[PDB]
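> sequence first, structure after, both from an experimental entry:
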Amino acid sequence: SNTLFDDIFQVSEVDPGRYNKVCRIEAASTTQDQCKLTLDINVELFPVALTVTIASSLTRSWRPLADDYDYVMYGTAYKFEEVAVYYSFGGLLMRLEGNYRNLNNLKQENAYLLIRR
Amino acid sequence: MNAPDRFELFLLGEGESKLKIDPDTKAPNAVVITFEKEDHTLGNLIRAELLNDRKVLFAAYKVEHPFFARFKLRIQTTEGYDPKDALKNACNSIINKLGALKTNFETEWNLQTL
Amino acid sequence: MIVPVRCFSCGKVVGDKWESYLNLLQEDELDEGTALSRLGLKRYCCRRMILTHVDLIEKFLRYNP
Amino acid sequence: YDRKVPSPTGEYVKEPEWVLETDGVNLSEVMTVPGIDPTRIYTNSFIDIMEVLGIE
Amino acid sequence: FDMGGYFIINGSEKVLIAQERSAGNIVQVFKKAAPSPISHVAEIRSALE
Amino acid sequence: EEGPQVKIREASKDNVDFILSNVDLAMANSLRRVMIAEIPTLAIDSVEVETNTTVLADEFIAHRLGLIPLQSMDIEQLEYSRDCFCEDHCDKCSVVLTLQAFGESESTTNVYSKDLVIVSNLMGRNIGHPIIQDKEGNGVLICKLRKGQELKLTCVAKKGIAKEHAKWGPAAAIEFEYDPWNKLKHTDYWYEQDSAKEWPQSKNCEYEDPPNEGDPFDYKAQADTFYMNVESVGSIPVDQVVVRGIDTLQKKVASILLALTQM
Amino acid sequence: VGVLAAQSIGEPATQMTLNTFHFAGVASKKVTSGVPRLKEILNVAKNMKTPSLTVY
Amino acid sequence: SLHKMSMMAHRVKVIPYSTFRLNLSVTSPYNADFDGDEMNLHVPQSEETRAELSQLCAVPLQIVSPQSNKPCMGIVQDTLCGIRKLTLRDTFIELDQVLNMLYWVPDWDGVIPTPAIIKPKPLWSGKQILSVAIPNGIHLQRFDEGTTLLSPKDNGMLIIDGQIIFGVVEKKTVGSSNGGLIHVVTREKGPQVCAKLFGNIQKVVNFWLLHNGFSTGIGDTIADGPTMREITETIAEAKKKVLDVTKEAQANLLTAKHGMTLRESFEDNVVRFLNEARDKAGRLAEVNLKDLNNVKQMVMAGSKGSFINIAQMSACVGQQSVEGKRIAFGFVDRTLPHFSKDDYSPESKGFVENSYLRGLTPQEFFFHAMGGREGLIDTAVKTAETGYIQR
Amino acid sequence: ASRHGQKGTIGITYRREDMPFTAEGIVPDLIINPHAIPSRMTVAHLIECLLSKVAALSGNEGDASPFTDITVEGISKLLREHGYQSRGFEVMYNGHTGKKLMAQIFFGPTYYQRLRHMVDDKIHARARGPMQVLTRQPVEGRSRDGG
Amino acid sequence: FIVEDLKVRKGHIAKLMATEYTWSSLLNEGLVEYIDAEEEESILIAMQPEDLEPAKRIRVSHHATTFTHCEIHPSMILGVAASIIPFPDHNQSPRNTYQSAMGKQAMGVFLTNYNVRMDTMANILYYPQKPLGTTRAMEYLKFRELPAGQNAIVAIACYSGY
Amino acid sequence: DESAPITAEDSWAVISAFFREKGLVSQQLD
Amino acid sequence: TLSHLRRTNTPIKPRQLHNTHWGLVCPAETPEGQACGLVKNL
Amino acid sequence: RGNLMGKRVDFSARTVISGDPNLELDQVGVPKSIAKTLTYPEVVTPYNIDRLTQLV
RNA sequence: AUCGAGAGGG
DNA sequence: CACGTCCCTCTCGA
Ligand SMILES: Nc1ncnc2c1ncn2[C@@H]1O[C@H](COP(=O)(O)OP(=O)(O)OP(=O)(O)O)[C@@H](O)[C@H]1O
Ligand SMILES: [Mg+2]
Ligand SMILES: [Mg+2]
Ligand SMILES: [Mg+2]
Ligand SMILES: [Zn+2]
Ligand SMILES: [Zn+2]
């Protein structure tokens, strides 16, 4: 039940688009400069100008301690794209392009998102 | 014509108990109290001073319909911790908060004079 | 039709200020908005409460019984 | 008019073609003219068409 | 503020509604239908004022 | 000082400004509501008309008499006409008023708020007095009579709150405001060029410090310090408007306990 | 199905010519070829108001 | 009663005040608004005519019409306007507001959805919270203009197992669309299931709009900022592009079209040089107006309003058409006694260069008043043609 | 109805505490739906509401006269002259919870008219009921307790 | 009006505003004329007076000069019921054609002698108010003296969904 | 000064004059 | 009241608002129904 | 055509309609007064006899 | 009451 | 040469 993905990305591109509280994003994986990543991020809680994870814990109802990051989101994946996964956070989307950690990440319909400094 | 007599906004009827506790069958350790003859004067107030209850899970209220002065209040709390008590601990918290406002307004008020 | 006791959207009493407002322009000869302003009507719902009202009772008491 | 017809590659494609409209209806005679498509001709006068081409 | 112009008949106030009419003693030229034999018509509504 | 603190800005016989430090908005609003509707007050409720020859119909003059303010300082010692035990009304739930008016003067004869006299016993408690804030000490203008008009009626006042009818509304307008600099993002301003320049800074803006542009909005900020101002039609002084607003809301949350232990 | 097609055809016609002033002077094909021609079509009538032969 | 739908069977719910009260979504079937509108009520007398009403003519039984094989009920007015306002990414709902929403759903599973955003401050997406009212088991798929699998402007729509994936909810999603949410829910779930959906959304969406609020003033019919400086130019050249043909045929040089005379031809080109320009100031209007515009917002959701409306109110009214053709010459060879004789310009023939914001002229108004009547006549005199064809 | 063909019935009635409120304490006598505007195209309504807004404030009968050069950009200059939102709007607060509204409300007076259509004087209902003289079916009209 | 090289002057403006404490003057003084619809056929009228001789709202070709008459004020094309419409130029024309018939449906004091006449049915408003928005045509409909409605604080906004 | 022409505001005094002679029921009475 | 006294009945398009109606009849005041543009106001 | 193809009927009603966002789709808020004038001939049976006598 | 006439509403 | 949508609400006159 550990991290399903660990990698870091770069100050790539920031987009509002009539949206003034959330921004789409691009990112180049610093491990292998070939792993694209694009997603929305509430720039209100977390501006941008650079870490990432996935994981799946730490079902059942929700209540108000494995937070070690800053901006955290919960969502579900909705597509698998060969060459890249697509995730959604209620309304916020995300696309991680790759081919390598096919085992770490999985086709689940559940996962959190963590960002560090 | 078909308009209800104004006073039915606060005066109870035959047998109506102001509060009526029903158990939320859906989620366990939860209750829904039907406050009769009340509105967002009390509704929004109690819900908010329940949210601050550390051991309280859910706290919401809907005025079933603007015609009928009444609202349902659903309350859920940590296991064992009776929600009926969570309402009492939330209520006194309001009155004790209110009472301090009165005395802090009365003294501040008793000073200035223009 | 006579001064409305208490403003509609406020509750502010304005039934007493008729013959005061009226005499703030007959006697003192002031600007209507400045008279309303001097009769203590900061919120415009009261301002309209006096300004728009026409005192038709005066044209009523002209008949006999 | 731009009429849609299937290209040799099978896909439907937009190939224009010329058409003439009238302010009169003599179907029984205008269809027998040489130099048109007597299968595509059309008059909005459905009454005249019932008379020329049968009820169906 | 009552400006009148109306009658009082057995109690009720009866008003006279302006009845419009194409004037008389005037000459007018009109076409006619496609199947009509007449090509055109000249009309005058002869009446004394 | 004890939690929900206060701070008076201004105060007079009609209006009363004050800031509420460290208080829940959902509560403060609920006090605004209580102030408006659910504070007890007296006013006319039944008008027996002996003779009315005025240009104003009966119930038209009726409609307002209740709308007229009545003294209500010591209202808590007058039971609700419905809660008392007497056939109809009496002295421990009603304050009988009489308004007799004949116009002798050829010059039109005004009937006022002062012109109503009480034909009941007050029992030495402030009640039923037609609140007169007038410049010339005349009160609210109810009617106008000619050379021989007349008006004989009798008003039976009763305890009541604005909920039954807003003529028992002890409060006028309740100035409500908080977070003058939209730091909490509780409203998405509307503009065709500039949001700030098109919307004027409120009066209660000098009291909170400006936002400081080069900053990151802190979600953790919450509603605090509410800029209020309560007006009194008269029925109850502007202290009790807020004191009994605070105090009759108390009884609301407390009667919820009353029936809470009956379960 | 018949009393239904009737309404299904008649409702939009009667209802389209009820929302003609929501745009004031627009006309369009409300009372140009819709209500008119349709009346022709139902009554049949040989004296068609615009006999056209769209000849391919 | 021009409709199978204009007579429906409802459950009685006795209530005070002397009005019949009906759910706002069942307006479109009867074509009812709440402006002095009046409705009949009939009551069965036997248990069989009863069942006959509840087993055939029930309102939810009638949710999808044979008329146009589509839903004839759907979200409208308040609920629609606030449901795209709600279903956004900028639109977030905090906890004190979220528990209220969750409760209003009577068929609620009583389980708090894990918040789309957790830790900085537990927040929920507009669509995310909306999804508990959409019943698990629903799958819908829509692609708009450029809608991708990673929606750009929250484009299109995709609901998977009754939760929203991406995209803003608008008329297409939640209206009476051929393949809209209503349609899909009534087929793959049931008539009465969808009905409860109608309420489950009107109870939530409306609640959110209550505390978000929404208005509309003259501010929303204002472009003025170099888009009114842009539009005015479009109407200037249009008076020259129509003046072009105006002088062309004044010296015979009018290459008359084949079939339509020089006059007919001229007007046909002239008439669309205004309608194609006035319609171009209506998209110039739509452009300047931000996504914070209110008139613009109601039309984007499909609440109320159309492309023309924004044009006429903010940009330009346009030519007035009586009996199809433009404003004619009631006076001898002239259109008004304020106009030169034989004047063919667009100003004389009934073109309203001004918008409703700017305010028409003494002339612009009258013509616009002529054209309206022509309409007011259709809506009151030419209805007897269509009521008879139906009979 | 306002004086621009703005008909409409009362869907519900509210007290001031249930009602939305400006910050000055002002409350709306009337809440008309924003959707009655684009389709009805009554911009004169919006302008009468903005004009009457100033008319009350400065206290001067506002010239709604038709064909004069009175702009909205000037009225707004007068409405910001009195310190209000130049376009009629005002940050208003949710009556129930007391928090603001994530949108501002075009406010201000508007001349409305009570029209001779009272629901109480229109409502009718019947069972059994009187019966026509010759056709032995229900009689026409509310006046006659008919069907 | 009639024009040459405007017949009526600010002098005649005082020949009237004083007399308020004549019109047939302007008729016999040859400054005005009763033109029926046929006599219109052979005349040319100037819309606004000063605006039709030699930012805001857009205008047209006033430069074409040959005028014989002038329009008193453009407003005067309206009937009584439609005259009380504020800003009818900023309104879809049918809206105007409605409020025209609804102003006749409204309430308010219709005559000052209602107390003394026995008319079958009749409504009177409790507190009529002269409107905040007034046309200059109103002073002549005696409308500020016998209003038909009330200036209500109107909040255009969504709230409950009622 | 009996000289200048007329303004848009001046026309209103003219209209005011028209009614003080003919009135609103002008044609009905005449 | 006034509107009723300046009313124009026209017997059984004669409905369309005409140009010669400028200045003599109201372009807006007329009833929606079997009278729209037929019965006008002055 | 208006005595047999269409009749006036008992057990009928009519009033002004207002919209309700807190009602259910398949419902109709009927004013109390209408529900006191509108009836339904229920038949007495063990299933309803206890409810029925209370109403009476 | 019944026939006729008219004015409104959706 | 016969049709000319649907209901609903009031007023008055042999
Ligand atoms: N003459 C008529 N015949 C039949 N039905 C009519 C007639 N007039 C109106 N209706 C019906 O009543 C409604 C008329 O629309 P309504 O008068 O309610 O105006 P609206 O569309 O709300 O106008 P606005 O654009 O001013 O909002 C429609 O539902 C229509 O079917
Ligand atoms: Mg309607
Ligand atoms: Mg409507
Ligand atoms: Mg209509
Ligand atoms: Zn006020
Ligand atoms: Zn007693």
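Structure's in. What do you need? Numbers count the residues shown, from 1 in each chain, chains lettered A, B, ... in the order given. Ligands and ions are numbered 1, 2, ... in the order given.
> list the buried residues of the helix or strand residue A:7 falls within.
Secondary-structure assignment from DSSP states H and E places residue A:7 in strand A:6-8. Of all the residues in strand A:6-8, those buried under the rule 16 or more other C-beta atoms under 10 Å in any protein chain shown are residue A:7. All C-beta spots, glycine's among them, are computed from the backbone N, C-alpha and C.
> what backbone torsions are found at the residue in chain K that chain A sits nearest to?
Chain K approaches chain A most closely through residue K:8 (44.3 Å), counting by C-beta to the nearest C-beta. Dihedral pair for residue K:8: phi -60, psi -40, per degrees, to the nearest 10.
> break down chain G into its strands, ranges please.
G:53-54 (DSSP state E).
> for the residue in it that DNA strand O sits nearest to, which residues are in contact?
With C-beta to the nearest atom of the strand as the measure, residue G:14 is the residue of chain G nearest to DNA strand O, at 5.5 Å. For residue G:14, the contact set (C-beta atoms under 8 Å, 6 or more residues apart in numbering or on different chains) comprises H:2, H:383, H:386-387, H:390.
> top of those residues by neighbour count?
Among these, the one with the most neighbours (other C-beta atoms under 10 Å in any protein chain shown) is residue H:386, at 24 neighbours.
> assign a three-state SS to that residue, would you?
Judged by DSSP: H, G, I helix; E, B strand; the rest coil, the three-state class of residue H:386 is helix.
> was I right about it contacting residue G:10?
Yes. If you go by C-beta atoms under 8 Å, residue H:386 and residue G:10 touch, sitting 6.9 Å apart.
> number of nearby residues for residue 38?
In the absence of a named chain, this looks at chain A. Look at residue A:38: counted by other C-beta under 10 Å, it has 19 neighbours.
> wait, chain C was what I had in mind.
14.
> and the closest residue to it other than its chain neighbours, what element?
Leaving aside its chain neighbours, residue C:38 sits nearest to residue C:24 (6.5 Å; criterion: C-beta to C-beta, 6 or more residues apart in numbering or on different chains). Remark: residue C:24 resides in helix C:23-26, with elements defined by DSSP H and E.
> list the buried residues of that helix.
For helix C:23-26, the neighbour count (16+ other C-beta under 10 Å) marks residue C:24 as buried.
> just checking, what packs against it?
Counting contacts by 3 or more C-beta pairs under 8 Å, 6 or more residues apart in numbering or on different chains; DSSP states H and E, helix C:23-26 packs against helix C:32-38.
> wondering if the helix or strand following the helix it packs on reaches chain I at all.
Beyond helix C:32-38 on the C-terminal side, the first helix or strand identified by DSSP H and E is helix C:44-51. Yes. Looking at helix C:44-51 against chain I by C-beta under 8 Å from any C-beta of the partner chain, the contacts come from C:44-45, C:47-48, C:51.
> report the two of these separated the most.
C:45 and C:51 (10.7 Å; C-beta to C-beta).
> the residue lying closest to residue I:29 once chain neighbours are set aside: what secondary structure?
Leaving aside its sequence neighbours, residue I:29 sits nearest to residue J:152 (C-beta to C-beta, 6+ apart; 4.0 Å). Following three-state DSSP, the label given to residue J:152 is strand.
> pretty sure residue J:152 sits against residue I:30.
Yes. In this structure residue J:152 lies within contact range of residue I:30 using C-beta under 8 Å: 4.7 Å.
> overlap in contacts of the two?
Contact with both residue J:152 and residue I:30 is made by residues I:110, I:112, according to C-beta under 8 Å, 6+ apart.
> all helices for chain L, in order.
Assigned helices in chain L, in chain order: L:2-5 (criterion: DSSP state H).
> how about chain M?
With helices called from DSSP H, chain M shows them at M:32-37, M:49-55.
> same question, chain D
D:27-30, D:46-53.
> residue F:5 - nearest residue in space that isn't next to it in sequence?
Closest to residue F:5 by C-beta to C-beta, 6+ apart is residue F:21, at 4.1 Å.
> correct me, but that neighbour touches residue F:227?
No. Counting by C-beta under 8 Å, residue F:227 is not a contact partner of residue F:21; they are 11.0 Å apart.
> which residue of those two possesses the greater neighbour count?
Counted by other C-beta under 10 Å, residue F:21 and residue F:227 do not tie: residue F:227 has more neighbours, with 22 against 14.
> would you confirm that that one contacts residue F:207?
Yes. Shown here, residue F:227 and residue F:207 form a contact pair, counting by C-beta under 8 Å, at 6.8 Å.
> overlap of the contact sets of those two?
Counting by C-beta under 8 Å, 6+ apart, the residues touching both residue F:227 and residue F:207 are F:19, F:180.
> what's the local residue count around the closest residue to residue B:23 other than its chain neighbours?
In this structure, residue B:23 finds its nearest non-sequential neighbour in residue B:31, 5.7 Å apart by C-beta to C-beta, 6+ apart. Applying other C-beta under 10 Å, we find 18 residues neighbouring residue B:31.
> then the one 3 residues further on?
Number of residues near residue B:34 (other C-beta under 10 Å) recorded here: 17.
> do residue H:219 as well
The tally of other residues near residue H:219 (other C-beta under 10 Å) stands at 25.
> SS state for it?
Secondary structure, three-state DSSP: residue H:219 is helix.
> the chain: strands as residue ranges?
With no chain named, the answer covers chain A. Using DSSP E, strands in chain A cover A:6-8, A:13-15, A:23-28, A:36-41, A:51-53, A:72-80, A:85-89, A:92-96, A:111-114.
> that's the wrong chain, I wanted chain L
Here chain L has its strands, by DSSP E, at L:7-9, L:40-41.
> so which bits of the helix or strand harbouring the residue nearest to residue B:23 are buried?
Using DSSP H and E, residue B:31 sits in strand B:30-36. For strand B:30-36, the neighbour count (16+ other C-beta under 10 Å) marks B:30-36 as buried.
> report how many residues lie close to residue H:42.
For residue H:42, using other C-beta under 10 Å, the count is 16.
> from residue M:14, how far off is it?
Distance of residue H:42 to residue M:14, given as C-beta to C-beta, to the nearest Å: 10 Å.
> same question, residue E:35
On the measure of C-beta to C-beta, residue E:35 and residue M:14 end up 50 Å apart.
> of the two, who's got more company?
residue M:14 (18 against 6).
> need the contact list for that one.
Residue M:14 is in contact with H:38-41, I:123-125, counting by C-beta under 8 Å, 6+ apart.
> okay, and the common contacts of residue C:45 and residue C:51?
Counting by C-beta under 8 Å, 6+ apart, the contacts common to residue C:45 and residue C:51 are residue I:56.
> residue A:99 touches residue A:85, doesn't it?
No. Checked against C-beta under 8 Å, the pair residue A:99 and residue A:85 is beyond contact range at 11.0 Å.
> more crowded one of the two?
residue A:85 (20 against 10).
> in chain M, which residue is closest to the centre?
Taking C-alpha atoms, centre = their mean, the centroid of chain M lies closest to residue M:38, which sits 4.9 Å from it.
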